[PDB]
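To start, the structure itself, in structure tokens.
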Amino acid sequence: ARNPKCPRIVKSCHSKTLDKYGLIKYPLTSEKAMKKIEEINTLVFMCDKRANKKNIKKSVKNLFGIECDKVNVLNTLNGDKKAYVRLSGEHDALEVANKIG
Amino acid sequence: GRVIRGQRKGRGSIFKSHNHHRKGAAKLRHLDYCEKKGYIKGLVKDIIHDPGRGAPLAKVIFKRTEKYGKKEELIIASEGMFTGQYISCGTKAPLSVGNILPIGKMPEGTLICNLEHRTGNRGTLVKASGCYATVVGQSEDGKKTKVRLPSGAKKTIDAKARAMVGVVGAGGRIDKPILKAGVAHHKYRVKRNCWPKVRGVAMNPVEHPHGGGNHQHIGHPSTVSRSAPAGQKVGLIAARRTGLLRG
Amino acid sequence: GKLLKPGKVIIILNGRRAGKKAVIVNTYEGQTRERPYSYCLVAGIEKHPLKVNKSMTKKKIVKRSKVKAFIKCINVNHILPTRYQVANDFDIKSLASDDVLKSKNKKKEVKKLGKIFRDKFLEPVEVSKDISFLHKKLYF
Amino acid sequence: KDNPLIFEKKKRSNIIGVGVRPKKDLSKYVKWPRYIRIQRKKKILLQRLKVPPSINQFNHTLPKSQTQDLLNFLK
Amino acid sequence: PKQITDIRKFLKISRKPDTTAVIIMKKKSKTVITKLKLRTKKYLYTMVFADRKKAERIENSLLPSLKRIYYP
RNA sequence: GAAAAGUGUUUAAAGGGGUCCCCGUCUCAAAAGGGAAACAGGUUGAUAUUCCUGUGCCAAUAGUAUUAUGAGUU
RNA sequence: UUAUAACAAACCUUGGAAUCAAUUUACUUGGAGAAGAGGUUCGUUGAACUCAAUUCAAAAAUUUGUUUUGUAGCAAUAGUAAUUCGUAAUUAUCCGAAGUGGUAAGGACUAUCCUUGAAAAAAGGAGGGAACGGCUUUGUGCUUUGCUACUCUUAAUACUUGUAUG
RNA sequence: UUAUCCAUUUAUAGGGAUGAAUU
Ligand SMILES: [Mg+2]
Ligand SMILES: [Mg+2]
Ligand SMILES: [Mg+2]
Ligand SMILES: [Mg+2]
Ligand SMILES: [Mg+2]
Ligand SMILES: [Mg+2]
Ligand SMILES: [Mg+2]
Ligand SMILES: [Mg+2]
Ligand SMILES: [Mg+2]
Ligand SMILES: [Mg+2]
Ligand SMILES: [Mg+2]
């Protein structure tokens, strides 16, 4: 069991680890994403390469009035994660789209 | 010149044994208090092929005297052993085919196999299919025993040294001709890559003492000294005589 | 003679009671449309008294030596009869009743049998070899 | 209690090479670490060899009581 | 997907509160056959009735908080 | 072995399982060997056993307390 | 565990086999128990079979007869081919026999080998009999005293514990 | 024999007279 008289390294700086702002970067337009928004209430977000599904969900919860049933993700060949977020039935992605912009 | 085929073998690369399918090493029991002072009986639970060998194995199960559990040995099967036979091992064992006894306790003439040359060696001599040794005498001093190995050689061993009464299974396997090259192929395919043997005399000089010539002939005496080096030791090594054996 | 006389102890060889030792109570040997085989009717022990030390306390010993019994009609070809006979140490007619094999409260009967067995084990007598044999679980 | 058959054990067990044996201490057989084993062996070696007189004279070490008395005096 | 044959069992299932939806289907037989499906959290239980009136009666019987889906 | 490297239990005080005993080198090596579980239909300009509708399946699911579900024992 | 059916095996009971018998394309098998008679199981398969339901009528403490359904559920709501009607909706169809033996898989076997044809994670089963109710009170986890809902078991629900589903 | 060397095993009882076997 450790009992160091002082800790070795103490990062006093504000955390570098990615917050909501930084994790999730921006929604996608593109005809595909628009279609998704219209038809099956799935919002498409470009996110950081090092976002997990859990993390993305958390971000979405924090950044917007969104509850997400399921999140699929993929790594784009442009070095971004694209997260397809299916909203719970209580919410209309269209309305939330409008709210965001 | 080049490195001869023989020399290549020692580096063991492709010339290692084909060890993969083998069932394990064939060994007698560890030399416990039981086997030294009395007898232990085990069941031959199954008799099995061990690939690269010519002699079938017997998986014999013993009960461990110092912890509750069954443990398996791999014995070489003497002819006449069978599944569900009891095999007994120890100083005070009875003299039956299959059983494992110190050579001191077998009268002359008895036929044995899996013989330890030193006590505890887990059995080392007379293992090949068909082979057996003979107890030829025990000295009035006790202690040592005289045995005659399949070669013909007579050797003196400790009487405490263990052995297995009977002859090794799969006898006469050499009686049947291999006939086909392929059957030899299959034989060595399970042992190690020693087959085809190209003749030194069919090689070039870089490759072999015998290599080259406009004729295919060895060209120099093919009896080589004991005290030759690696690439010289090639024909009849250290040959005391040569030619059709008359004796 | 007639190997299986009422009271003889047998080893069941077949079924759920596979290696259990038991007392035959009434042999029939009459083949019928119902049971086309000579059958024996047997009262036996499923779960023997566990091993017990002098050191142990009396209640705990009693608990340990509970003996869980069973009553089963069985083909005589499935039972290995023994030399051991317990016509004496039990009133044998009292163990199993033919009629009660059919009856609803069979479990009650079984319980009673078990209790009787336990009692017998507690008071051995002088000490019969048969009873000793019955006591010991068969190890196979 | 005192019943013949409730407490009857089949304890007549031990014949050679049949059934697990009873038990022994095993101290004689335990492997021990390399160091400590060497010390043990070293001691034995020392005992065993012909020890030169001077060295030997370093292990005739008084009688115990007398030594204790001496120590007390020194105190 | 499971089939049910004991009407009583079906009723019991219906009574149980994880049964959110009923699906009631009408099928021209080779008369009007009726398939009663209950959508439980675990399984989709279905009962087939040859007899329309009986089917109707059982539908009526079904708790009025069920989320009834009339397919065709 | 000057090291670089070469060998891998050869003379080790080499992490797990139970309530001190009992096991026991580590690690990588298979996108054709071993192996928890998925199907159908629909949908896009470009993806689909991966999205949609439907229908399942597998593995988890900490404690404490209620509920119900059935067993067993009195 | 798809329910059942049918089938190659394996086993059980009964039965007691030479005038040998059963039996395969092949040989295999039998007093260490064959044939015959009745069963059990695994495996194929995955709705076969009256399979399930219902129709009513008769017999016991529930089984037989007749009929109508169900593409067994999934499942027709989906597909396909049609037919219209509108500027997406309706309808009608989807079902009775069988052969060939190309491919795959399984089965039971038989044969060859101086060739006998990986391992482990993981899982399971067995053997064994360690340990053993709960609550309340007293004394130093253990013992004594008194009362009867208990020990499991899934599922849901609630609440603290880092946010207890992928 | 104690150096050294080899073997054997879990370093498992000091020397002699086709079931089970563990708390
Ligand atoms: Mg992915
Ligand atoms: Mg040759
Ligand atoms: Mg040649
Ligand atoms: Mg040439
Ligand atoms: Mg040369
Ligand atoms: Mg030439
Ligand atoms: Mg020539
Ligand atoms: Mg790996
Ligand atoms: Mg694979
Ligand atoms: Mg494409
Ligand atoms: Mg249609």
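Here's how to read the names in the structure tokens: chain A, B, ... by the order shown, residue numbers from 1 in each chain, ligand numbers from 1 in the order shown.
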
*If you count only C-alpha atoms (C1' of nucleotides), which residues fall within 12 Å of residue E:52, apart from same-chain ones fewer than 6 positions away, as a ChimeraX atom specification?*
/E:24-29,31-36,58-59 /G:69

Take the residues just selected and output them with N, CA, C and O atoms (P, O5', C5', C4', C3', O3' and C1' of nucleotides) as a PDB file, in the first residue's frame.
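As written to disk, part_27.pdb reads:
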```pdb
ATOM      1  N   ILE E  24     -55.006  -7.783 -33.689  1.00  0.00           N
ATOM      2  CA  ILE E  24     -56.204  -8.563 -33.963  1.00  0.00           C
ATOM      3  C   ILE E  24     -56.374  -8.580 -35.475  1.00  0.00           C
ATOM      4  O   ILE E  24     -56.499  -7.532 -36.099  1.00  0.00           O
ATOM      5  N   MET E  25     -56.283  -9.757 -36.071  1.00  0.00           N
ATOM      6  CA  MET E  25     -56.227  -9.804 -37.507  1.00  0.00           C
ATOM      7  C   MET E  25     -57.396 -10.606 -38.042  1.00  0.00           C
ATOM      8  O   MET E  25     -57.807 -11.598 -37.449  1.00  0.00           O
ATOM      9  N   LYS E  26     -57.925 -10.169 -39.184  1.00  0.00           N
ATOM     10  CA  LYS E  26     -59.013 -10.863 -39.879  1.00  0.00           C
ATOM     11  C   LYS E  26     -58.527 -11.459 -41.209  1.00  0.00           C
ATOM     12  O   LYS E  26     -57.856 -10.789 -41.997  1.00  0.00           O
ATOM     13  N   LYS E  27     -58.906 -12.705 -41.473  1.00  0.00           N
ATOM     14  CA  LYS E  27     -58.312 -13.494 -42.555  1.00  0.00           C
ATOM     15  C   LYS E  27     -59.395 -14.281 -43.307  1.00  0.00           C
ATOM     16  O   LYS E  27     -60.103 -15.095 -42.711  1.00  0.00           O
ATOM     17  N   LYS E  28     -59.535 -14.041 -44.607  1.00  0.00           N
ATOM     18  CA  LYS E  28     -60.490 -14.808 -45.383  1.00  0.00           C
ATOM     19  C   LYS E  28     -59.956 -16.222 -45.557  1.00  0.00           C
ATOM     20  O   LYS E  28     -58.926 -16.446 -46.189  1.00  0.00           O
ATOM     21  N   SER E  29     -60.678 -17.177 -44.983  1.00  0.00           N
ATOM     22  CA  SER E  29     -60.295 -18.589 -45.005  1.00  0.00           C
ATOM     23  C   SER E  29     -60.785 -19.363 -46.236  1.00  0.00           C
ATOM     24  O   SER E  29     -61.817 -19.043 -46.826  1.00  0.00           O
ATOM     25  N   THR E  31     -65.481 -17.813 -44.874  1.00  0.00           N
ATOM     26  CA  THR E  31     -65.708 -17.421 -43.488  1.00  0.00           C
ATOM     27  C   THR E  31     -64.529 -16.590 -42.990  1.00  0.00           C
ATOM     28  O   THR E  31     -63.421 -16.717 -43.516  1.00  0.00           O
ATOM     29  N   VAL E  32     -64.772 -15.756 -41.974  1.00  0.00           N
ATOM     30  CA  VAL E  32     -63.742 -14.861 -41.392  1.00  0.00           C
ATOM     31  C   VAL E  32     -63.034 -15.470 -40.164  1.00  0.00           C
ATOM     32  O   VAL E  32     -63.574 -15.533 -39.060  1.00  0.00           O
ATOM     33  N   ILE E  33     -61.795 -15.898 -40.371  1.00  0.00           N
ATOM     34  CA  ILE E  33     -60.933 -16.358 -39.271  1.00  0.00           C
ATOM     35  C   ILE E  33     -60.360 -15.147 -38.529  1.00  0.00           C
ATOM     36  O   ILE E  33     -60.201 -14.079 -39.097  1.00  0.00           O
ATOM     37  N   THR E  34     -60.063 -15.318 -37.244  1.00  0.00           N
ATOM     38  CA  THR E  34     -59.453 -14.249 -36.443  1.00  0.00           C
ATOM     39  C   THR E  34     -58.227 -14.741 -35.642  1.00  0.00           C
ATOM     40  O   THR E  34     -58.302 -15.729 -34.893  1.00  0.00           O
ATOM     41  N   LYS E  35     -57.109 -14.044 -35.813  1.00  0.00           N
ATOM     42  CA  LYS E  35     -55.875 -14.318 -35.068  1.00  0.00           C
ATOM     43  C   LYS E  35     -55.732 -13.260 -33.973  1.00  0.00           C
ATOM     44  O   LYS E  35     -55.692 -12.063 -34.283  1.00  0.00           O
ATOM     45  N   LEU E  36     -55.655 -13.673 -32.711  1.00  0.00           N
ATOM     46  CA  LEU E  36     -55.413 -12.732 -31.622  1.00  0.00           C
ATOM     47  C   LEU E  36     -53.978 -12.811 -31.136  1.00  0.00           C
ATOM     48  O   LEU E  36     -53.567 -13.783 -30.493  1.00  0.00           O
ATOM     49  N   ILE E  58     -63.978 -12.330 -27.000  1.00  0.00           N
ATOM     50  CA  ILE E  58     -62.692 -12.335 -26.300  1.00  0.00           C
ATOM     51  C   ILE E  58     -62.015 -10.974 -26.436  1.00  0.00           C
ATOM     52  O   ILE E  58     -61.451 -10.497 -25.449  1.00  0.00           O
ATOM     53  N   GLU E  59     -62.133 -10.351 -27.599  1.00  0.00           N
ATOM     54  CA  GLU E  59     -61.602  -9.021 -27.819  1.00  0.00           C
ATOM     55  C   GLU E  59     -62.214  -8.011 -26.852  1.00  0.00           C
ATOM     56  O   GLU E  59     -61.507  -7.199 -26.248  1.00  0.00           O
TER      57      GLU E  59
ATOM     58  P     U G  69     -64.186 -24.743 -42.897  1.00  0.00           P
ATOM     59  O5'   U G  69     -62.819 -25.302 -42.299  1.00  0.00           O
ATOM     60  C5'   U G  69     -61.599 -24.540 -42.401  1.00  0.00           C
ATOM     61  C4'   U G  69     -61.372 -23.734 -41.139  1.00  0.00           C
ATOM     62  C3'   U G  69     -59.924 -23.370 -40.838  1.00  0.00           C
ATOM     63  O3'   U G  69     -59.515 -22.180 -41.510  1.00  0.00           O
ATOM     64  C1'   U G  69     -60.829 -24.443 -38.959  1.00  0.00           C
TER      65        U G  69
END
```

*asked:* Give me, as number ranges by chain, the residues of stretch 94-238 of chain B that a backbone DSSP run labels strand (DSSP E or B).
replied: B: 100-102, 111-113, 115, 125, 133-138, 144-148, 154-158, 162-165, 168, 192, 223-224, 236-237

How would the residues just picked look written out with N, CA and C atoms as a short mmCIF file (atom, residue, chain, number, x, y, z; two decimals), in the first residue's frame?
```cif
data_model
loop_
_atom_site.label_atom_id
_atom_site.label_comp_id
_atom_site.auth_asym_id
_atom_site.auth_seq_id
_atom_site.Cartn_x
_atom_site.Cartn_y
_atom_site.Cartn_z
N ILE B 100 6.51 -55.05 -13.12
CA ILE B 100 7.76 -54.30 -13.13
C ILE B 100 8.57 -54.57 -11.86
N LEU B 101 9.71 -55.23 -12.05
CA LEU B 101 10.51 -55.78 -10.97
C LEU B 101 11.98 -55.35 -11.04
N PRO B 102 12.64 -55.26 -9.88
CA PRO B 102 14.09 -55.10 -9.89
C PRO B 102 14.73 -56.36 -10.44
N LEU B 111 12.86 -62.96 -19.36
CA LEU B 111 12.93 -61.99 -20.44
C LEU B 111 12.27 -60.67 -20.05
N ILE B 112 13.00 -59.59 -20.28
CA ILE B 112 12.63 -58.26 -19.77
C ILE B 112 12.74 -57.14 -20.81
N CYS B 113 12.13 -56.00 -20.47
CA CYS B 113 12.14 -54.84 -21.33
C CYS B 113 12.02 -53.60 -20.47
N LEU B 115 14.20 -51.47 -19.49
CA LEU B 115 15.17 -51.66 -18.41
C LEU B 115 15.84 -50.33 -18.02
N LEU B 125 16.40 -49.08 -21.63
CA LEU B 125 16.90 -50.05 -22.60
C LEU B 125 15.82 -51.03 -22.98
N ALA B 133 15.53 -58.18 -23.38
CA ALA B 133 16.79 -58.55 -22.81
C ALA B 133 16.56 -59.77 -21.93
N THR B 134 17.66 -60.43 -21.61
CA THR B 134 17.66 -61.65 -20.84
C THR B 134 18.46 -61.39 -19.58
N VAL B 135 17.96 -61.82 -18.44
CA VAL B 135 18.78 -61.83 -17.24
C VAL B 135 19.65 -63.07 -17.38
N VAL B 136 20.96 -62.90 -17.29
CA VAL B 136 21.92 -63.99 -17.45
C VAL B 136 22.58 -64.40 -16.13
N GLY B 137 22.46 -63.58 -15.09
CA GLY B 137 23.04 -63.93 -13.80
C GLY B 137 22.97 -62.84 -12.75
N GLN B 138 22.96 -63.23 -11.48
CA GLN B 138 23.06 -62.27 -10.37
C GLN B 138 24.24 -62.71 -9.52
N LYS B 144 24.78 -56.46 -8.17
CA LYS B 144 24.75 -56.26 -9.62
C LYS B 144 24.13 -57.48 -10.25
N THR B 145 23.78 -57.37 -11.52
CA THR B 145 23.07 -58.41 -12.25
C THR B 145 23.63 -58.32 -13.65
N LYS B 146 23.71 -59.43 -14.36
CA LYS B 146 24.25 -59.42 -15.71
C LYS B 146 23.11 -59.65 -16.69
N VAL B 147 22.99 -58.75 -17.66
CA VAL B 147 21.91 -58.78 -18.65
C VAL B 147 22.54 -58.88 -20.05
N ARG B 148 21.80 -59.38 -21.03
CA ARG B 148 22.25 -59.48 -22.43
C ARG B 148 21.27 -58.72 -23.32
N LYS B 154 26.75 -57.78 -23.54
CA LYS B 154 26.45 -58.19 -22.19
C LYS B 154 26.80 -56.98 -21.35
N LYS B 155 25.97 -56.66 -20.37
CA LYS B 155 26.19 -55.46 -19.57
C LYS B 155 25.88 -55.78 -18.12
N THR B 156 26.52 -55.10 -17.18
CA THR B 156 26.21 -55.32 -15.77
C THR B 156 25.48 -54.11 -15.20
N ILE B 157 24.36 -54.37 -14.55
CA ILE B 157 23.48 -53.32 -14.07
C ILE B 157 23.29 -53.57 -12.58
N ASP B 158 22.81 -52.55 -11.86
CA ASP B 158 22.36 -52.74 -10.47
C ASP B 158 21.16 -53.70 -10.42
N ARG B 162 15.14 -51.35 -12.16
CA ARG B 162 13.87 -51.96 -12.52
C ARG B 162 13.81 -52.39 -13.98
N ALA B 163 12.85 -53.26 -14.25
CA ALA B 163 12.61 -53.75 -15.58
C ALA B 163 11.22 -54.32 -15.67
N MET B 164 10.82 -54.70 -16.87
CA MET B 164 9.47 -55.17 -17.10
C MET B 164 9.50 -56.57 -17.70
N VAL B 165 8.95 -57.54 -16.98
CA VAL B 165 9.00 -58.93 -17.41
C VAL B 165 8.17 -59.10 -18.68
N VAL B 168 8.56 -56.76 -25.73
CA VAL B 168 7.85 -55.58 -26.19
C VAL B 168 6.90 -55.89 -27.36
N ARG B 192 11.11 -38.04 -38.44
CA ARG B 192 11.88 -36.83 -38.77
C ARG B 192 12.32 -36.87 -40.20
N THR B 223 36.36 -46.11 -45.51
CA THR B 223 36.44 -46.32 -44.08
C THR B 223 37.15 -45.11 -43.51
N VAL B 224 36.47 -44.40 -42.62
CA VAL B 224 37.01 -43.15 -42.08
C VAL B 224 37.29 -43.31 -40.60
N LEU B 236 31.87 -45.69 -43.94
CA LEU B 236 31.83 -46.65 -42.86
C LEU B 236 32.71 -46.14 -41.71
N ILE B 237 32.06 -45.58 -40.71
CA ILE B 237 32.81 -44.93 -39.65
C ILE B 237 33.53 -45.97 -38.81
#
```

*Could you please select, counting only C-alpha atoms (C1' of nucleotides), the residues of chain G within 9 Å of chain B and state them as a VMD selection string?*
chain G and resid 113 to 118

Write out as an mmCIF file with N, CA and C atoms, in the first residue's frame all residues of stretch 19-129 of chain C that DSSP puts in helix (DSSP H, G or I) for this structure's backbone.
```cif
data_model
loop_
_atom_site.group_PDB
_atom_site.id
_atom_site.type_symbol
_atom_site.label_atom_id
_atom_site.label_comp_id
_atom_site.auth_asym_id
_atom_site.auth_seq_id
_atom_site.Cartn_x
_atom_site.Cartn_y
_atom_site.Cartn_z
ATOM 1 N N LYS C 58 -25.049 -34.594 20.935
ATOM 2 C CA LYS C 58 -25.965 -35.706 20.707
ATOM 3 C C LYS C 58 -27.003 -35.359 19.661
ATOM 4 N N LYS C 59 -27.530 -34.138 19.741
ATOM 5 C CA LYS C 59 -28.529 -33.650 18.792
ATOM 6 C C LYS C 59 -27.958 -33.681 17.373
ATOM 7 N N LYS C 60 -26.730 -33.181 17.266
ATOM 8 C CA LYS C 60 -26.066 -33.093 15.965
ATOM 9 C C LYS C 60 -25.846 -34.507 15.417
ATOM 10 N N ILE C 61 -25.455 -35.442 16.288
ATOM 11 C CA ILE C 61 -25.252 -36.851 15.911
ATOM 12 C C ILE C 61 -26.544 -37.424 15.363
ATOM 13 N N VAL C 62 -27.637 -37.146 16.066
ATOM 14 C CA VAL C 62 -28.954 -37.638 15.677
ATOM 15 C C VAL C 62 -29.319 -37.107 14.287
ATOM 16 N N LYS C 63 -29.051 -35.821 14.073
ATOM 17 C CA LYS C 63 -29.327 -35.203 12.784
ATOM 18 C C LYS C 63 -28.528 -35.879 11.661
ATOM 19 N N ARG C 64 -27.270 -36.115 11.968
ATOM 20 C CA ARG C 64 -26.309 -36.727 11.053
ATOM 21 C C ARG C 64 -26.780 -38.102 10.625
ATOM 22 N N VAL C 76 -36.893 -58.955 -9.901
ATOM 23 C CA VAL C 76 -35.886 -59.727 -9.179
ATOM 24 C C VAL C 76 -34.581 -59.832 -9.964
ATOM 25 N N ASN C 77 -34.673 -59.762 -11.288
ATOM 26 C CA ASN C 77 -33.484 -59.745 -12.139
ATOM 27 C C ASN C 77 -32.635 -58.478 -12.001
ATOM 28 N N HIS C 78 -33.137 -57.477 -11.276
ATOM 29 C CA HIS C 78 -32.386 -56.257 -10.994
ATOM 30 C C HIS C 78 -31.802 -56.162 -9.595
ATOM 31 N N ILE C 92 -40.845 -57.287 9.950
ATOM 32 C CA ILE C 92 -40.759 -56.985 8.505
ATOM 33 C C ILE C 92 -42.106 -56.589 7.864
ATOM 34 N N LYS C 93 -43.177 -57.262 8.282
ATOM 35 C CA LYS C 93 -44.529 -56.926 7.832
ATOM 36 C C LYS C 93 -44.869 -55.468 8.139
ATOM 37 N N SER C 94 -44.333 -54.955 9.248
ATOM 38 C CA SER C 94 -44.553 -53.573 9.672
ATOM 39 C C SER C 94 -43.857 -52.526 8.805
ATOM 40 N N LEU C 95 -42.722 -52.873 8.196
ATOM 41 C CA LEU C 95 -42.018 -51.948 7.298
ATOM 42 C C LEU C 95 -42.896 -51.517 6.123
ATOM 43 N N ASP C 98 -48.221 -54.068 1.320
ATOM 44 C CA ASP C 98 -48.535 -54.187 -0.096
ATOM 45 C C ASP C 98 -49.580 -53.148 -0.487
ATOM 46 N N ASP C 99 -50.695 -53.134 0.239
ATOM 47 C CA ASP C 99 -51.804 -52.216 -0.048
ATOM 48 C C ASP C 99 -51.385 -50.735 -0.043
ATOM 49 N N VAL C 100 -50.454 -50.369 0.841
ATOM 50 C CA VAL C 100 -50.088 -48.950 1.029
ATOM 51 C C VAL C 100 -49.158 -48.417 -0.084
ATOM 52 N N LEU C 101 -48.489 -49.318 -0.806
ATOM 53 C CA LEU C 101 -47.808 -48.990 -2.068
ATOM 54 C C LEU C 101 -48.714 -48.221 -3.043
ATOM 55 N N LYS C 102 -49.979 -48.632 -3.147
ATOM 56 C CA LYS C 102 -50.967 -47.940 -3.992
ATOM 57 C C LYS C 102 -51.371 -46.586 -3.394
ATOM 58 N N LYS C 106 -48.018 -42.245 0.529
ATOM 59 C CA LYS C 106 -46.834 -43.068 0.358
ATOM 60 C C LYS C 106 -45.618 -42.399 0.985
ATOM 61 N N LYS C 107 -45.531 -41.074 0.851
ATOM 62 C CA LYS C 107 -44.439 -40.313 1.446
ATOM 63 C C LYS C 107 -44.449 -40.466 2.951
ATOM 64 N N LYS C 108 -45.635 -40.437 3.559
ATOM 65 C CA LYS C 108 -45.786 -40.619 5.002
ATOM 66 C C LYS C 108 -45.209 -41.970 5.428
ATOM 67 N N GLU C 109 -45.581 -42.991 4.657
ATOM 68 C CA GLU C 109 -45.126 -44.365 4.897
ATOM 69 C C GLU C 109 -43.606 -44.429 4.850
ATOM 70 N N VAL C 110 -43.054 -43.788 3.824
ATOM 71 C CA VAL C 110 -41.607 -43.738 3.605
ATOM 72 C C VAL C 110 -40.921 -43.105 4.808
ATOM 73 N N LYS C 111 -41.495 -41.997 5.269
ATOM 74 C CA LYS C 111 -40.981 -41.257 6.423
ATOM 75 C C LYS C 111 -40.938 -42.160 7.650
ATOM 76 N N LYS C 112 -42.043 -42.875 7.846
ATOM 77 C CA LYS C 112 -42.200 -43.799 8.969
ATOM 78 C C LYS C 112 -41.091 -44.863 8.927
ATOM 79 N N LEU C 113 -40.897 -45.404 7.730
ATOM 80 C CA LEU C 113 -39.887 -46.434 7.456
ATOM 81 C C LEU C 113 -38.507 -45.921 7.851
ATOM 82 N N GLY C 114 -38.229 -44.701 7.404
ATOM 83 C CA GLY C 114 -36.954 -44.030 7.661
ATOM 84 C C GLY C 114 -36.714 -43.908 9.151
ATOM 85 N N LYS C 115 -37.765 -43.474 9.849
ATOM 86 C CA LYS C 115 -37.719 -43.292 11.300
ATOM 87 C C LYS C 115 -37.381 -44.609 11.985
ATOM 88 N N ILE C 116 -38.054 -45.663 11.529
ATOM 89 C CA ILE C 116 -37.868 -47.014 12.065
ATOM 90 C C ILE C 116 -36.408 -47.440 11.899
ATOM 91 N N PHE C 117 -35.886 -47.189 10.698
ATOM 92 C CA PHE C 117 -34.507 -47.529 10.353
ATOM 93 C C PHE C 117 -33.543 -46.822 11.287
ATOM 94 N N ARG C 118 -33.806 -45.531 11.493
ATOM 95 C CA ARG C 118 -32.987 -44.687 12.365
ATOM 96 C C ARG C 118 -32.960 -45.261 13.771
ATOM 97 N N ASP C 119 -34.149 -45.633 14.244
ATOM 98 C CA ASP C 119 -34.322 -46.202 15.582
ATOM 99 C C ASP C 119 -33.482 -47.471 15.719
ATOM 100 N N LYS C 120 -33.572 -48.311 14.692
ATOM 101 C CA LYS C 120 -32.848 -49.576 14.666
ATOM 102 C C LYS C 120 -31.345 -49.324 14.741
ATOM 103 N N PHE C 121 -30.889 -48.346 13.967
ATOM 104 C CA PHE C 121 -29.470 -48.014 13.951
ATOM 105 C C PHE C 121 -29.012 -47.531 15.322
ATOM 106 N N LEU C 122 -29.846 -46.716 15.958
ATOM 107 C CA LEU C 122 -29.570 -46.225 17.305
ATOM 108 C C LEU C 122 -29.432 -47.383 18.308
ATOM 109 N N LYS C 129 -24.399 -58.866 12.100
ATOM 110 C CA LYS C 129 -23.561 -58.476 10.961
ATOM 111 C C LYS C 129 -24.400 -57.868 9.846
#
```

_Test item: residues at most 12 Å from residue D:41, only C-alpha atoms (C1' of nucleotides), excluding those fewer than 6 positions along its chain, as a list in words_ = residues 32, 34, 35, 47 and 48 of chain D; 2 of chain H

*residue F:50 surroundings by only C-alpha atoms (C1' of nucleotides), 12 Å radius, close-in-sequence under 5 positions cut, as a ChimeraX atom specification*: /A:72-74,84 /F:38

*Please provide the set of residues having any atom within 8 Å of stretch 8-22 of chain H, restricted to only C-alpha atoms (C1' of nucleotides), with same-chain residues fewer than 6 positions apart removed, written as a list in words.*
residues 30, 33, 43, 44, 45, 66, 67, 68, 83, 84, 85, 120, 121 and 122 of chain B; 139 and 140 of chain C; 18, 19, 20, 24, 26, 29, 30 and 31 of chain D
